[PDB]
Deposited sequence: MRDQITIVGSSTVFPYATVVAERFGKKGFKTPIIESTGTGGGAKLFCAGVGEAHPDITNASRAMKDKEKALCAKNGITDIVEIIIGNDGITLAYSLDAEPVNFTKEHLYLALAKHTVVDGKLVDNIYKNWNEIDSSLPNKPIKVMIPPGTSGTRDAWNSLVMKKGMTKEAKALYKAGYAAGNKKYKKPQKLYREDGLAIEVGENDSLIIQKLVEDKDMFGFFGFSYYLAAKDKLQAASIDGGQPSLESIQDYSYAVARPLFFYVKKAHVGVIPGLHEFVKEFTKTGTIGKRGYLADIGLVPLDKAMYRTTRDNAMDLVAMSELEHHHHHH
């Protein structure tokens, strides 16, 4: 094989694509890149050490212990982690609607599998944002959530669900878990399944345009490209921006990664050279060509 193979995060995908396109003009073939999702990419990367398996998986959250364990089992223990920059998960919606600010708790309450009612966990009873907080708009809850195995789902679970989770809910889940419910050990993973938090799967933008009350998830680069049609909800009083993502004042700032199968260096031509190209200051630094399309570079202060 003489072409580099890259799988993984859809958040990282547009960035790795630009690097690949430039790379293809420097005496190597243009790498092959698939947008498979962080978790789907990790599974593929970790399937085996042979050339039939991907050289690189992109990730919008760190590799998980379960994933490292699979890799190890299939003989991949030499993995290089590269942090390319940052993302801000953006909760976008149609420009035709009013600006809005949701706290992390607001978001948790709307999306959660359960509402605490009379000291008991029951299926989510919130149908309108204004029920959760009278300061929120009278607007039905309609959210398109990322895929279950996506890194964006994982990061939202960690940064929003876990943190927005109420003390009261936490205690009920902990007690249910202690009493034997294994699914309640990590309750931040649990979303309502009554159609108000529908799993997603270009057309997200279209669906948001079609229903101004609907909200959706976007990696920052995708939101920026769509600003002619979409705006961002404030989260904890803050909008996503280069500055707020870079200093992590933005509440859903997050790092972006890719992982390199070291064994394939020296087997697949250009693999190391591609990594060095991606890691150049002119690529991922301030004013680099990835910053020009929305990558928030690592703060170097």
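In this chain the deposited sequence has gaps in the coordinates at 1, 203-205, 306-330, listed in sequence order.
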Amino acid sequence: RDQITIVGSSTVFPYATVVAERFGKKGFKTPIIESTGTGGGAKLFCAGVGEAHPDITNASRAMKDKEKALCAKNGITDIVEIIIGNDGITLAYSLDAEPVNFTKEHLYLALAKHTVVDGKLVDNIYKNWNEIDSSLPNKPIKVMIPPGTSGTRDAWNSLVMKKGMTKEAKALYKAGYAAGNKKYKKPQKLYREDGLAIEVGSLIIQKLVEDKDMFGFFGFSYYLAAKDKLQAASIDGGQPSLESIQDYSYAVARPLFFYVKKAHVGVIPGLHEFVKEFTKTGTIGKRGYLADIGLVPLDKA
From here on, numbers count along this sequence of modelled residues.
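Annotation for 147-155 versus 94-102: the higher mean temperature factor (C-alpha) is found in 94-102.
Set 108-116 against 123-131 and average the Cα temperature factors; 123-131 ends up higher.
The entry lists C-alpha B-factors for 190, 179, 76, 224, and the highest of these is at 76. Among 175, 89, 141, 83, the highest C-alpha B-factor recorded in the PDB entry belongs to 83.
When the CA B factors of the chain's modelled residues are split into thirds, the value for residue 169 lands in the lowest one. The deposited CA B-factor of residue 184 belongs to the middle third of values across its chain. In the deposited entry, the Cα temperature factor of residue 61 sits in the bottom third of values across the chain's modelled residues. Ranked within its chain, residue 274 lands in the middle third, by CA B factor from the PDB record. Annotation for residue 254: C-alpha temperature factor in the lowest third relative to the rest of the modelled chain, per the entry.
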